[PDB]
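Participant: Protein chains in written order, with the authors' numbering: chain K, 3 to 251; chain E, 3 to 251; chain C, 3 to 251; chain B, 3 to 251. Idealized CB from N, CA, C, for every residue including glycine.
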Ligand SMILES: [Zn+2]
Ligand SMILES: [Zn+2]
Ligand SMILES: [Zn+2]
Ligand SMILES: [Zn+2]
Ligand SMILES: [Zn+2]
Ligand SMILES: [Zn+2]
Ligand SMILES: [Zn+2]
Ligand SMILES: [Zn+2]
Ligand SMILES: [Zn+2]
């Protein structure tokens with residue numbers, strides 16, 4: 003938090019002055035891996051090996067995916083979060099949206115001289131609006147932006163999960179899965195204040211025969227994940243009953 | 003021990019006659035991985051994958067680190083030890099010290115036609131000497147040389163741990179951590195016969211306010227690791243009391 | 003508390019009008035022993051027997067010692083406390099300090115028409131400064147006086163324990179044990195606010211080789227006793243680690 | 003053992019230069035009681051109180067009895083042993099045998115500059131021959147002298163128990179109990195090497211109707227105590243069967 007983190011960012015800046023934008027990331031990964039290899043941390047060493055290999059390959063999306071997994075299970079690591087956000091920003095620059103890249107750069111600058119994971123979550127959500135904008139839907143970006151604004155003033159780690167659910171809805175909307183009406187209804191529900199009515203809406207559309215069993219199960223599992231990080235038991239039971247009804251019945 | 007080991011060294015010699023010094027190591031790693039993949043050994047297969055990838059990359063130090071971890075946890079594997087020593091020799095040749103390279107080459111020659119892990123430990127300690135000489139301190143090399151001489155005539159696997167502690171002292175001496183006086187005192191203590199007085203000296207300097215909590219703790223768990231392979235309970239308890247005092251108090 | 007206590011003091015005053023100052027104490031002890039013998043209290047009857055025998059002998063110091071023990075383990079008894087305060091009052095009159103005797107007399111007068119053990123503790127500490135002044139050190143009396151003032155306005159039973167520690171320091175200072183510098187440092191530490199720094203100072207001087215194992219153990223167990231009546235677990239563990247390091251190592 | 007014991011003996015010598023021979027013992031007891039009262043040792047403090055009271059009374063025999071009990075149960079304490087031997091010597095001088103007084107004085111002189119309990123046992127046995135000589139029997143003194151000679155060259159704490167058995171035999175011989183023949187037989191048996199034959203002889207005389215149930219039982223538990231400090235299970239069982247036969251049958 004302000005120490006041993008600004009050094010990594012500084013080194014990334016020096017190696018990025020050339021403009022390669024790829025070797026600086028590798029050097030940062032190598033710095034983090036040296037620190038986590040001297041300890042008895044093999045799970046982090048292997049994961050950083052895989053991340054470095056993927057980054058050198060060019061498949062950064064898988065790297066951000068499993069790094070997101072790692073930071074979610076164990077968020078005590080902060081340098082790992084820093085290199086994660088660096089990769090997220092670099093991938094955003096590749097995607098073709100420079101304003102999101104600038105926002106993530108400011109988030110990195112503020113997080114390096116701080117130590118709060120809420121900036122990590124905010125950058126993750128910026129990446130999610132970047133992906134949504136790449137997908138084609140534009141109206142979804144508004145709710146993501148509202149969540150990003152609300153996170154920088156609340157610091158609730160539960161907001162990113164809702165944005166993940168929105169990303170799942172956008173992904174399903176494109177392949178040929180659940181129609182637009184359900185997507186808009188669920189987006190509005192998660193937008194205003196609604197998490198319980200989302201379950202009821204999903205069940206209603208499933209019974210009426212508008213949603214296949216796989217999509218409903220995926221959305222309800224995401225809702226259950228959101229509810230499990232909120233300390234709500236009247237909604238965990240409600241989602242459990244919903245999924246149980248959906249799968250076998 | 004004299005069989006199925008001299009074959010690997012012979013093949014490394016044939017492929018090294020070209021002078022590439024990189025592909026022969028890869029071929030040896032591939033020979034070892036084939037033998038350990040035909041079995042139900044996935045922990046060795048993955049580690050050899052990582053080692054081969056690192057060797058092809060050129061970051062041999064991480065490979066020697068995790069191979070050292072593997073051989074310390076599992077000393078029964080001897081071909082893995084052989085390729086380990088080959089990697090140490092190749093890295094030493096890169097570092098710029100040819101005399102240490104010659105010494106470790108003779109160690110490989112003797113170990114191939116034998117089967118004793120004490121040569122592996124001796125080569126490791128020669129590596130640590132190489133690293134210390136690269137760091138800048140020269141007086142530390144004398145104690146390492148004395149330990150290396152004593153290991154070839156005793157075969158006690160605990161001598162490498164003391165050299166590892168010396169390497170840690172040298173590393174801390176360079177970054178900006180604990181001053182020279184403590185380093186010299188601890189080096190002399192581990193040199194002559196002293197392991198218990200080292201703990202007392204570290205505690206004394208901690209209480210007087212000359213050593214930060216991190217470096218003292220590091221040296222203390224290193225001493226605890228040294229004592230845990232010596233069958234000493236009067237020193238394990240002493241080190242445990244020392245660490246408990248240092249961390250929370 | 004104001005009843006069945008003022009009667010004993012009144013009788014002591016009547017029998018002390020003659021001026022023998024020895025038989026009145028015996029009569030008070032016999033009054034207390036009659037009351038505690040009619041019950042099923044044998045541990046008190048025997049102890050009062052011993053106290054009366056010692057008082058008639060003239061060795062009041064042993065009597066005040068074991069009566070202090072008794073009142074510390076079981077402070078519900080108040081008449082026993084009253085005769086105890088009478089005993090240090092008489093002993094102080096023998097020692098040659100009349101002002102301390104006057105202070106103890108006022109404390110007896112206030113305690114008889116009250117019932118608070120804090121006056122017992124205050125008179126105990128007065129006895130402590132009397133003994134300290136008899137020993138020869140004068141600077142130690144100031145901290146004892148400060149503790150005496152602080153007890154009459156706080157009523158915390160832990161203040162007498164610090165005075166006991168100061169007494170131990172003064173006693174060790176005279177025989178030929180720990181030098182003056184450590185005594186002054188520890189006195190200042192216990193004076194201002196420090197109990198944790200005392201342990202560190204004692205350990206530091208032990209490791210440097212200025213204090214024999216017996217004196218350090220005595221001071222540390224006294225500090226442990228002080229901390230055990232303060233509801234502190236971060237200091238009980240700290241003192242336990244200190245003593246464990248000191249004795250066996 | 004050579005320290006903080008010679009000081010007590012020196013003080014006893016100074017106070018005994020007057021020739022009172024009674025107040026020096028009281029001063030030594032008071033020194034020991036001060037040391038054992040500062041601790042949490044109430045069992046030793048009370049017993050020293052009783053010993054001092056008995057010594058001032060003039061009934062030293064009870065004091066030596068319960069001090070013997072104390073040193074037998076817990077012989078780690080050595081100063082109490084020193085004051086015990088001092089009381090033993092003083093009582094010997096009162097009895098009227100100056101040669102035994104000289105012997106025990108030399109024993110005190112050697113024990114003070116040493117620390118071995120075998121001198122305590124030797125002085126105890128000297129007291130036993132003194133008591134036997136006072137009783138009237140003279141032939142019994144020879145076996146006691148032989149045991150005393152053998153103890154100073156063996157250091158076996160089991161020899162004093164046999165002398166205690168001899169003392170019991172002498173005591174029973176005088177009141178009107180068991181006749182001389184059994185006493186001589188048992189004395190010879192205990193003298194040469196016999197402890198098992200003593201049990202058989204006692205049982206034989208009991209069955210023949212020469213010894214009442216009380217004296218036989220007394221000698222039998224004395225023999226059992228002797229055998230219990232010898233690590234013999236073939237004799238403990240033999241004594242247990244003997245006592246069981248004697249009491250109920
Ligand atoms: Zn690795
Ligand atoms: Zn519902
Ligand atoms: Zn149904
Ligand atoms: Zn594989
Ligand atoms: Zn009584
Ligand atoms: Zn401490
Ligand atoms: Zn120590
Ligand atoms: Zn007492
Ligand atoms: Zn028999």
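(1) Run the CB neighbour count on residue 231/E, radius 10 Å, all protein chains shown included, and call it buried at 16 or more, exposed below.
(2) Cutting at 8 Å between CB atoms, please list the residues of its own chain near residue 164/E, excluding the five before and the five after it.
(3) For chain B, is any of its Cβ atoms less than 8 Å away from the one on residue 81/C?
(4) Cβ of residue 64/B less than 8 Å from any chain C Cβ?
(5) Along the stretch 32-55 of chain E, what residues have a CB closer than 8 Å to any CB found in chain C?
(6) Output yes if chain E places a C-beta closer than 8 Å to the C-beta of residue 202/C; else output no.
(7) Hey, is residue 223/E's beta-carbon within less than 8 Å of any beta-carbon in chain K?
(8) Between residue 117/K and residue 70/K, how many whole angstroms is the CB-CB distance? I'm expecting something under 8 Å.
(9) Are the stretch 82-91 of chain E and the stretch 28-42 of chain E in contact at 8 Å, needing three or more beta carbon pairs?
(10) In chain order, what are the residues with a CB under 5 Å from some non-hydrogen atom of ligand 7?
(11) How close, in whole Å, do the beta carbons of residue 217/C and residue 180/C come, if the pair is a contact with beta carbons under 8 Å?
(12) Is the stretch 89-100 of chain K in contact with the stretch 127-145 of chain K, if contact means three or more CB pairs nearer than 8 Å?
(13) Give the interface partners of residue 177/E over in chain K, defined as CB-CB distance under 7 Å, in chain order.
(14) Go ahead and label residue 64/K buried or exposed: buried means 16 or more other beta carbons lie within 10 angstroms of its beta carbon, across all protein chains shown.
(15) Would you say residue 67/E faces chain K, with C-beta separation under 8 Å as the test?
(16) According to DSSP, simplified to helix, strand and coil, what is residue 79/C?
(17) Relative to the alpha-carbon of residue 5/B, which residue among 23/B, 29/B and 113/B has its alpha-carbon at the smallest distance?
(18) Do residue 212/C and residue 245/C count as a contact pair if the criterion is CB distance below 8 Å?
(19) By the DSSP assignment, the alpha helix (DSSP H) with residue 119/B in it spans what residues?
(20) How big is the Cα-Cα spacing for residue 75/E and residue 46/E?
(21) Along chain E, which residues have their Cβ under 8 Å away from the Cβ of residue 210/C?
(22) Identify the continuous alpha helix (DSSP H) that holds residue 56/B and give its terminal residues.
(23) Quick check: the Cα distance between residue 67/E and residue 78/E, rounded to an integer number of angstroms?
(24) Can you give the Cα-Cα distance for residue 54/E and residue 50/K, rounded to whole angstroms?
(25) Please report the straight-line C-alpha distance between residue 17/E and residue 59/E, rounded to a whole angstrom.
(26) Taking 8 Å as the cut-off, does the stretch 134-145 of chain E touch the stretch 170-186 of chain E (at least 3 CB pairs, one atom from each stretch)?
(27) Give the DSSP-derived three-state secondary structure of residue 196/C in the structure shown.
(28) Using DSSP with H/G/I as helix, E/B as strand and the rest coil, what is residue 35/B?
(29) Can you tell me whether residue 19/E is buried or exposed, with buried defined as 16 or more other CB within 10 angstroms of its CB?
(30) Does the CB of residue 184/E have a neighbour CB from chain C at under 8 Å?
(31) Cα separation between residue 39/K and residue 14/E?
(32) With a threshold of 7 Å, establish whether the CB of residue 32/B neighbours any heavy atom of ligand 8.
(33) When a residue counts only if its C-beta is closer than 6 Å to some heavy atom of ligand 8, which residues count, in chain order?
(34) Rounded to whole angstroms, what's the CA-CA distance from residue 144/K to residue 220/K? Just pull it up for me.
(35) Rounded to the nearest angstrom, what separates residue 158/C and residue 123/C at their Cα positions?
(36) Between which two residues does the alpha helix (DSSP H) containing residue 100/C stretch?
Facilitator: According to the structure data:
(1) Here the question's residue 231/E lines up with position 229 in the second chain. So residue 231/E counts as exposed.
(2) To locate residue 164/E, count along the second chain from 1; it is residue 162. The residues are 149, 192 and 228.
(3) Numbered from its first residue, the third chain carries residue 81/C at position 79. False, the Cβ-Cβ gap to chain B never drops below 8 Å.
(4) The count along the fourth chain starts at 1 and reaches residue 64/B at position 62. No, no contact with chain C.
(5) Listed by position, the residues of the stretch 32-55 of chain E near chain C (Cβ gap below 8 Å) amount to none.
(6) The sequence position of residue 202/C within the third chain is 200, counting from 1. Under the Cβ criterion of 8 Å, residue 202/C is counted among the residues facing chain E.
(7) Taking the first residue of the second chain as 1, we reach residue 223/E at position 221. It does not: the Cβ of residue 223/E has no partner Cβ on chain K nearer than 8 Å.
(8) If you number the first chain from 1, residue 117/K lands on position 115. If you number the first chain from 1, residue 70/K lands on position 68. Contact between residue 117/K and residue 70/K is ruled out by a C-beta separation of about 19 Å, above the 8 Å threshold.
(9) Between the stretch 82-91 of chain E and the stretch 28-42 of chain E, the count of Cβ pairs shorter than 8 Å is three or higher; the stretches touch.
(10) After applying the 5 Å Cβ criterion, the set is 202/E and 251/C.
(11) Position 215 of the third chain holds residue 217/C. Position 178 of the third chain holds residue 180/C. Residue 217/C to residue 180/C, Cβ: 5 Å. Contact.
(12) The stretch 127-145 of chain K and the stretch 89-100 of chain K touch, with three or more beta-carbon pairs separated by less than 8 Å.
(13) Here residue 177/E corresponds to residue number 175 of the second chain, with the count starting at 1. Those do not exist, as residue 177/E stays about 12 Å from chain K at its closest Cβ, beyond 7 Å.
(14) Translated into positions along the first chain, residue 64/K becomes position 62. Burial state of residue 64/K is exposed, judged by a 10 Å Cβ sphere holding fewer than 16 other Cβ atoms.
(15) In the second chain, the residue the question calls residue 67/E occupies position 65. Output row for residue 67/E: interface = yes.
(16) Start at 1 with the first residue of the third chain, and residue 79/C comes out as number 77. It is coil, neither helix nor strand.
(17) Within the fourth chain, numbered from 1, the residue matching residue 5/B stands at position 3. For residue 5/B, the nearest C-alpha among the options comes from 113/B.
(18) Here residue 245/C is taken as the residue at index 243 of the third chain, counted from 1. Here residue 212/C is taken as the residue at index 210 of the third chain, counted from 1. Cβ distance not < 8 Å, so residue 245/C and residue 212/C don't count as in contact.
(19) Residue numbering aside, residue 119/B sits at position 117 when the fourth chain is read from its first letter. For residue 119/B, the enclosing alpha helix (DSSP H) stretches over residues 119-137.
(20) To locate residue 75/E, count along the second chain from 1; it is residue 73. To locate residue 46/E, count along the second chain from 1; it is residue 44. Spanning the two alpha carbons is a distance of roughly 12 Å.
(21) Residue 210/C sits at position 208 when you count from the first residue of the third chain. Neighbours of residue 210/C on chain E, chain order: 206.
(22) For the purposes of this step, residue 56/B is taken as the residue at position 54 of the fourth chain. For residue 56/B, the enclosing alpha helix (DSSP H) has its first and last residue at 44-59.
(23) On the second chain, position 65 is the one that residue 67/E refers to. On the second chain, position 76 is the one that residue 78/E refers to. Cα to Cα, the separation comes out at about 18 Å.
(24) Counting from 1 along the second chain, the entry for residue 54/E is found at position 52. Counting from 1 along the first chain, the entry for residue 50/K is found at position 48. Residue 54/E and residue 50/K: Cα-Cα distance of roughly 16 Å.
(25) Position 15 of the second chain, counting from 1, holds the residue named residue 17/E. Position 57 of the second chain, counting from 1, holds the residue named residue 59/E. Roughly 19 Å between the two C-alpha positions.
(26) Touching, yes.
(27) The residue you call residue 196/C lines up with position 194 of the third chain. Looking at residue 196/C - three-state DSSP - the assignment turns out to be coil, as it is neither helix nor strand.
(28) Along the fourth chain, one-based indexing puts residue 35/B at 33. Reduced to three states, the DSSP call for residue 35/B is helix.
(29) One-based indexing of the second chain puts residue 19/E at position 17. Label assigned to residue 19/E: exposed.
(30) By 1-based counting over the second chain, the position of residue 184/E is 182. Not one chain C Cβ lies under 8 Å of residue 184/E.
(31) Residue numbering aside, residue 39/K sits at position 37 when the first chain is read from its first letter. Residue numbering aside, residue 14/E sits at position 12 when the second chain is read from its first letter. Residue 39/K and residue 14/E have their C-alpha atoms some 29 Å from each other.
(32) For the purposes of this step, residue 32/B is taken as the residue at position 30 of the fourth chain. For ligand 8, no non-hydrogen atom lies closer than 7 Å to the CB of residue 32/B.
(33) Matched residues: 52/C, 64/C, 68/C, 39/B, 47/B and 51/B.
(34) Along the first chain, one-based indexing puts residue 144/K at 142. Along the first chain, one-based indexing puts residue 220/K at 218. If you take the alpha carbons of residue 144/K and residue 220/K, they lie about 23 Å apart.
(35) For this step, residue 158/C is matched to residue 156 along the third chain. For this step, residue 123/C is matched to residue 121 along the third chain. Inter-residue distance for residue 158/C and residue 123/C is about 9 Å (C-alpha atoms, whole angstroms).
(36) Stepping through the third chain from its first residue, residue 100/C is reached at position 98. From DSSP, the alpha helix (DSSP H) with residue 100/C extends over 100-114.
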